[PDB]
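Asker: Structure of the sequence below:
(5 chains, ligands or ions: 2)
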Amino acid sequence: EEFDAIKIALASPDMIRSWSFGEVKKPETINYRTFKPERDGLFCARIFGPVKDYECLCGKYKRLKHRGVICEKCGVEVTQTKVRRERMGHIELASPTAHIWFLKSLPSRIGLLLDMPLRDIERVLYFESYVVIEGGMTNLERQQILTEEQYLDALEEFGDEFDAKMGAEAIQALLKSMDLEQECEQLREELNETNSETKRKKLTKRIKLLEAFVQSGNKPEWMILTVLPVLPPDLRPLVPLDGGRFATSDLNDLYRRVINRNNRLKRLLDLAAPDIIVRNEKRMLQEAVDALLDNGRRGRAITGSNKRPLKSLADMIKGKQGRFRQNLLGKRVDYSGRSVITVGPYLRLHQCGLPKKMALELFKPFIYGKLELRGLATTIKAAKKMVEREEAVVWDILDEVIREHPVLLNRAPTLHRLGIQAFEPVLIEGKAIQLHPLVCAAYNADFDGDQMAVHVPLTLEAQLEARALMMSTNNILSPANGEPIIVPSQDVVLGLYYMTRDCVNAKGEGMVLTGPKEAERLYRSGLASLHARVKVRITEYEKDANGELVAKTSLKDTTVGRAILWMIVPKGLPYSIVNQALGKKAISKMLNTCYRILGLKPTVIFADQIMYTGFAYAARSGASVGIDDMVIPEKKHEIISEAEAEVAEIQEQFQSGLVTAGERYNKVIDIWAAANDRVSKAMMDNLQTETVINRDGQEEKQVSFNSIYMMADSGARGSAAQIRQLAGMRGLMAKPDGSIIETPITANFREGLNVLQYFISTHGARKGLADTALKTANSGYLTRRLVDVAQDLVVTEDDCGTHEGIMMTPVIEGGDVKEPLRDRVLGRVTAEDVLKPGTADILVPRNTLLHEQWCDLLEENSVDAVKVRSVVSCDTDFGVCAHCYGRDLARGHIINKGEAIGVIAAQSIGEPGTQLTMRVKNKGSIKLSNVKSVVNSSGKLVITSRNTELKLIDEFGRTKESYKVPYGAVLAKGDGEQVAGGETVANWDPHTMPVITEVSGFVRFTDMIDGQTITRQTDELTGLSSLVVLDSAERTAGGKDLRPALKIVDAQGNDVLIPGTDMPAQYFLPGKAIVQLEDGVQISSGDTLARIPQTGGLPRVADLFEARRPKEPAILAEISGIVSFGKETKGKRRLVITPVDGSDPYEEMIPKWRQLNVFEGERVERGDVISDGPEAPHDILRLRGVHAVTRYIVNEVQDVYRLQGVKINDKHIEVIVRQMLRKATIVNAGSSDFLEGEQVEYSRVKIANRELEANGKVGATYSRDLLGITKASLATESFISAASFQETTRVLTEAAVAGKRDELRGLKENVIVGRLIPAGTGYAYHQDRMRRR
Amino acid sequence: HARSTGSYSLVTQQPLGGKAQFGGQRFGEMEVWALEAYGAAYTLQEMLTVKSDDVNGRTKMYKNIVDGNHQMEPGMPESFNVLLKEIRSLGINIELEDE
Amino acid sequence: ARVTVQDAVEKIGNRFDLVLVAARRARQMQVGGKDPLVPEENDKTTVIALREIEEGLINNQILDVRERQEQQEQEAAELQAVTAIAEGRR
DNA sequence: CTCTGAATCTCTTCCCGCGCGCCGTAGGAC
DNA sequence: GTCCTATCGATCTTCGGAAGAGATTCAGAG
Ligand SMILES: [Zn+2]
Ligand SMILES: [Zn+2]
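Answerer: Residues are numbered from 1 along each chain as shown, chains lettered A, B, ... in the order given. Ligands and ions are numbered 1, 2, ... in the order given. Find the structure here:
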């Protein structure tokens, strides 16, 4: 049936009867000897359908001639047997029964509706106590559950003026009595009666439920099941097994239990069993229906085996083995296979070799399609036989069929889109799949027994799509960053490194070659060495600014190898790229430059030629590795013999009591580390120095042709940390608890490691293996959460027309910059007219894409901050405008309309998740910005800012440096001084927080008493002490309310006023303070009154995206004004924030042990830090704005990848952020029909406000709410996508009571229902459909 | 191993899985995401309706492929209908809609 | 044969519309096969379509032009058949 | 006397392919 | 022996999971 929407709602019992074709009565299915289905059973022929293909069970008719007729020998209707999988039946329960889902969801829907606690409703339902309904003239409330002793009381205290029922019947009467709308009106007016925010919120939930039930056609009793439909039998087959037995079916047995119990209940009610017996039977029947529905939510699941609980309907719906993730989202496909791959170097980039057998077994129908077309076979009957005959002509048919038909190759696990690619197949004799070398990097495919699967695209559009989108040559750039995915392999780069290297003295040196060809001939004649230095006439072509090549020829000083390689580089590049010994880095940029200039078509052939030449000349190199090649520097034995001795001295101090326990450890380990560094440096120096050669006279050294050195230097394999372990010393190790081993592994793998050294090494080896095995799962789970939160976004419009954006600046943290501006701003569009450095002069237009040329132009200028449009800020409803997303990183141009950015971004974030871990510097100008300080005894800025951060306009006017000068720091280098690297900029007390005054003047312990607020310490070190202030916790109110104060006093009655300020120089003391300037002491400006003494990898981002609140919430101040205290710390302290024009008592409870960044009179603003530690993304969004929270999220999620060396384009994160805050919470209901306070999807609230303001009525006001991905994925307005993700047993009820309807917008829903996705070519079709409408 | 056509499962008509059984490779959720990363929609529709699930469609496709037409009629994946029955067996009336 | 499709992508300014246009043309050439506007090389219609696009002689507008005119020709034969049927009945 | 804190309870979540091997209602009454 | 009815309807289901969040109960006090 054609459809355009899916609607979910409660099913009325008469609707269930409409579904059913019969009532199953006998709990029997088939005989145990004959295989006929028993009538009126779970497999009744006349109820669900005939078993025979087109014959009735009774055998009266066996032809289409009697199709649709009804037999009277057995009663079965004869038609297509397939209908047997669609007809349902129904069981009419002898008594009502509560639907388990609606009874025990996350809240209790039946309980919420009746406002009755879940425990009490469960107690009623399982027949434990009565509940009075229609209590009439009795002191018995509306529900007022009452126990059996209480019922025994009511039975005689009152007569029949009360009714007290038991179980679901009473609940059904309550449901049947619900005056829903009147109840909702009463509760929505009672809401204004009180402010109980511990009850207003649940009251809002209850009224929302009442409104949802009112609006939907649902009726309360539909939460209580009365007729239970039975599944069509063909969906629960009783399949036989080996021998005369049928395989056990869980649902069949659950239905059998339910039917037997219910029939017993009917029998008793017919025979008038006593009340106790019928009550027990009704309880058992209810619990059996419970087991049928959601087995496991019971006290204990039932089982028919060795405690293997039976799967219920809700079990089959959800779960990793459930339908959603097992059969709908991912399903097994025909025309596919798998095999062990192997490397075929001869293949072109766009080809792959497949075995003849696999080709024949995949392309069978195509072969039939030729055997008839060739006329060589009569029909399928003979065509299949001929294919079986493997006739030599059949191979000619296969060689013709497979000519231009792509095949998809799909190694699994396919983390990113580059893991599935199309290849033109070529037949191969063997049974392994021939893969290309350059592609194996994309698949991350090591050929050490790695299986891979092939799928054959059948239809025409499928072939075209494979060739146009998934072809190998169409995926040369990585979508995660401007990085080629065809980065040269490990062996090829070794070959090129060996070929282009140069030696001091070599055969054929110094002559003149007339051209590269003559060089090659010389080498192949053996007259010259490859590394020989020579002068060859080179000719190069450079395409002009218009685009036509200009030929220039010159003599060039180079090497024979470089001149040979130049015969492969295309005609558009400068010779300077090949005049250097190429390595895995140097070659890569080379290839990129080719793609930058020549284009895709020259680039692919150039890559293939590079691979060919590299393989050939690496084979010629014969760069073997042997034990002779691992070099131990001779000085190493000395470096050990000294260093260990030094540890002995550190031991001798410990032998003399001259050192502490810890200091001995942290001196020994540092000396060992210094020794390891010396050993490594000597080893590396020896490795490079091992080559010295005579150039016609006198020995001269040069770079080393040592095998290990060329492997390391070319970047193929074995970096410095590897050669260091192979030839230096293995070094220190860590215990499973992480402690550094005091005795390092002083050996290296060339020498033998002893038994203890190896046992030490096992700790690290197994820790790493376990880390991998555990993190490989969390990475995948993060990928799933990302795709299920961002699956919806597609570039569905060209320009949104907005003009906002985000400002991009180079990352300057920890002093020097960690990344440039070009990386951030490349590939985005400008937010507004980019301006020239200075004033009144613009440089770039307001909506121009900043491609490479404009990035160079900006880097030419001193522009550091550039505002560019971002996907988060795009104002497109239910989609994303193209201009914000900008460049398609895999294509170079702007992204097309119709691309599924969401899945691409999720894969880009999730692919490197297995790479994480689950376990003044330069001269400049001083730029204190955020300065909130005063002046001291030097006036070097009495730092009064918990903000002030001095920046550093470089010699090129570029901030390359800046950090946060903490409160109370003295700025030695301030007021824009120029200071050289390493010259102390500022000073701080690293241990305690000091408090300082502004004026110079006398002080007294105002309102302070010894013993009451300070302790008369002695300072046993000298006997003269600095008084210690009593804390609030160490003293009662006689000292808590007597808060210490060090207000500055003078003879005039007031302090020297700052112009326009009336505040006296009142100063105070917090807890743990140490104060010296006692009474009668003159405190100068800047004098310290007193002093007060005091992370992760993959989880650090997983909890960031989930937006978990920090364990140590750094409290950010809100609004603004000047802070105050309320009442002291009892239970937990209470404080108040005062703005004259504002909430002067903005109060807030505070933890006692968290030190406060403000004490009693500190100017505060929204977002001002009161305590240190990580912030809260929810609070950040609420207090500093969307751009601020976006910047926080992007930077704190990039600090994890930058540490680990992974590069991901920043845009790929913002899309996820756009998904987190897709919801908004209403502040004022306004003229919109929205509730007074409710969370509504931000798109809907925005569109409503748009039309409302177009009509001039009061648009709604809202705060965008940051929901974590795990919840935002389930919070969507399309129940199919949410229920497909997790907590299906919850969502499939929450949406059911709401009468939800799905428009099937998004990718996942369309994938479920088997139609074209609304992206790519599917988006083209949908867009055509909507435009032609 | 490679499979063109053969055994099909009963409860849902997807092809069997395994080597000892003439089964086809499973197209997992990650592969679906990768296909969606490209614009390939026809590929996905084929892969999840004709190749695997729509019983009537996969025969009309077989006939067209033998005839050399290379056109598919997707219809609807049977497994989804099974799901509907599985939810309709509960107290839930979920149904398709016209508009 | 085609190793890359970049030229056609430059012709039809979308990676996706090229797929759909080539689908239209290759379907035409396959069933009720109209002869292509390019010399064949024993290729499959897919690649021949991507050959024609690169020559810049097939797109959405050209195909719609051909379709509309073909429809008109088919309606034109209808008028002649209706008129001849009406003449023969008298 | 019950209002906002916490404090303790239950419910839900945990990469993906491949390939074997085996094992698969029970007791007692006519 | 076959063919029937039913679930430890005189037990003890496994302690060797983290965690993350709501839900549900309880304090110190207005
Ligand atoms: Zn019959
Ligand atoms: Zn936009």
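Asker: Could you use CA atoms for every contact and neighbour count after this?
Answerer: Will do.
Asker: can you pull the contacts of the residue of the stretch 801-950 of chain A found nearest DNA strand D?
Answerer: Taking CA to the nearest atom of the strand as the measure, the stretch 801-950 of chain A has residue A:914 as its residue closest to DNA strand D, at 8.7 Å. The contact partners of residue A:914, by CA atoms under 8 Å, 6 or more residues apart in numbering or on different chains, come to A:772, A:775-776, A:779.
Asker: near DNA strand E, which of those show up?
Answerer: For DNA strand E, no contacts are drawn from the contacts of residue A:914 by CA under 7 Å from any atom of the strand.
Asker: out of the residues you listed, which is most surrounded?
Answerer: The residue in these with the most neighbours, by other CA atoms under 10 Å in any protein chain shown, is residue A:779 (23 neighbours).
Asker: could you measure the residue nearest the centre of chain B against residue A:320, distance?
Answerer: Compute the mean C-alpha point of chain B, and by CA atoms, centre = their mean the closest residue is residue B:53, 2.7 Å away. Taking CA to CA, to the nearest Å as the measure, residue B:53 falls 20 Å from residue A:320.
Asker: Just give me the neighbour total for residue A:1044.
Answerer: When neighbours are counted by other CA under 10 Å, residue A:1044 comes out with 24.
Asker: again with residue A:582
Answerer: 25.
Asker: Which residues are in contact with the residue nearest to it when sequence neighbours are not counted?
Answerer: Of all residues not flanking residue A:582 in the chain, residue A:497 sits nearest, at 5.1 Å (CA to CA, 6 or more residues apart in numbering or on different chains). Residue A:497 makes contacts with A:581-583, A:710, A:714, as judged by CA under 8 Å, 6+ apart.
Asker: Packing partners of the longest strand anywhere in chain B?
Answerer: Counting residues, the longest strand in chain B under DSSP state E turns out to be strand B:92-97. Strand B:92-97 sits against strand A:5-10, helix B:78-88, with contacts defined as 3 or more CA pairs under 8 Å, 6 or more residues apart in numbering or on different chains; DSSP states H and E.
Asker: and these as JSON lines, adding mean neighbour count and distance to ligand 1?
Answerer: Conversion of the helices and strands packed on strand B:92-97 to JSON lines gives the following (neighbours: other CA atoms under 10 Å in any protein chain shown; distance: least, CA to the ion, whole Å):
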{"stretch": "strand A:5-10", "mean neighbour count": "20", "distance to ligand 1": "36"}
{"stretch": "helix B:78-88", "mean neighbour count": "20", "distance to ligand 1": "26"}
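Asker: Show me the one of those that comes nearest residue A:1245.
Answerer: Closest approach to residue A:1245 among the helices and strands packed on strand B:92-97 (CA to CA): strand A:5-10, 22.8 Å.
Asker: one step back: any idea which element the residue nearest to residue A:582 lies in?
Answerer: Taking DSSP states H and E as the criterion, residue A:497 maps to helix A:490-500.
Asker: and that helix, how far from the chain's centre?
Answerer: Helix A:490-500 has its C-alpha centroid displaced from the chain centroid by 38 Å (CA atoms, centre = their mean, to the nearest Å).
Asker: tell me what the helix or strand immediately after it in the chain is packed against?
Answerer: Heading C-terminal from helix A:490-500, the first helix or strand you meet, by DSSP H and E, is strand A:512-513. Counting contacts by 3+ CA pairs under 8 Å, 6+ apart, strand A:512-513 packs against strand A:533-543.
Asker: Name the strands paired with the strand it packs on and say parallel or antiparallel.
Answerer: strand A:512-513 (parallel), strand A:549-559 (antiparallel) (DSSP bridges).
Asker: Identify each buried residue in the last one, please.
Answerer: This points to strand A:549-559. A:556-559 (16 or more other CA atoms under 10 Å in any protein chain shown).
Asker: now what about that strand, what contacts it?
Answerer: Taking contacts as CA under 8 Å, 6+ apart, the residues outside strand A:549-559 that touch it are A:500-502, A:530-544, A:572, A:579.
Asker: and the angle for that strand with helix A:490-500?
Answerer: With axes from the mean of the first three to the mean of the last three CA atoms, to 10 degrees applied, the angle from strand A:549-559 to helix A:490-500 works out at 80 degrees.
Asker: distance between strand A:549-559 and the chain's centre?
Answerer: In terms of CA atoms, centre = their mean, the centre of strand A:549-559 is set 51 Å apart from its chain centre.
Asker: Which residues of the stretch 851-1000 of chain A lie near ligand 2?
Answerer: The stretch 851-1000 of chain A has residues A:874, A:881, A:884 near ligand 2, with proximity defined as CA under 5 Å from the ion.
Asker: Go again with 8 Å.
Answerer: Selection of the stretch 851-1000 of chain A residues close to ligand 2 by CA under 8 Å from the ion yields A:869-871, A:873-876, A:880-885.
Asker: Going through these, which ones are buried?
Answerer: By 16+ other CA under 10 Å, those give A:869-871, A:873-876, A:880-885 as buried.
Asker: Closest one to ligand 1 out of these, please.
Answerer: Nearest to ligand 1, judged by CA to the ion, of those is residue A:880 at 60.1 Å.
Asker: Skipping its backbone neighbours, what lies nearest the closest one in space?
Answerer: residue A:795 is the one closest to residue A:880 (CA to CA, 6+ apart), at 5.0 Å.
Asker: how much space between the one you found and ligand 2?
Answerer: Applying CA to the ion, to the nearest Å, the value for residue A:795 to ligand 2 is 9 Å.
Asker: Just the buried ones from the contacts of strand A:549-559?
Answerer: A:500-502, A:530-542, A:572, A:579.
Asker: before we move on, back to that, inside strands: which ones of the residues of the stretch 851-1000 of chain A next to ligand 2?
Answerer: A:880-881.
Asker: Could you export the residues of the stretch 851-1000 of chain A next to ligand 2 to JSON lines, including columns for distance to DNA strand D?
Answerer: Listed next are these as JSON lines, based on distance: CA to the nearest atom of the strand, whole Å:
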{"residue": "A:869", "distance to DNA strand D": "34"}
{"residue": "A:870", "distance to DNA strand D": "31"}
{"residue": "A:871", "distance to DNA strand D": "28"}
{"residue": "A:873", "distance to DNA strand D": "31"}
{"residue": "A:874", "distance to DNA strand D": "32"}
{"residue": "A:875", "distance to DNA strand D": "33"}
{"residue": "A:876", "distance to DNA strand D": "32"}
{"residue": "A:880", "distance to DNA strand D": "28"}
{"residue": "A:881", "distance to DNA strand D": "32"}
{"residue": "A:882", "distance to DNA strand D": "32"}
{"residue": "A:883", "distance to DNA strand D": "34"}
{"residue": "A:884", "distance to DNA strand D": "32"}
{"residue": "A:885", "distance to DNA strand D": "29"}
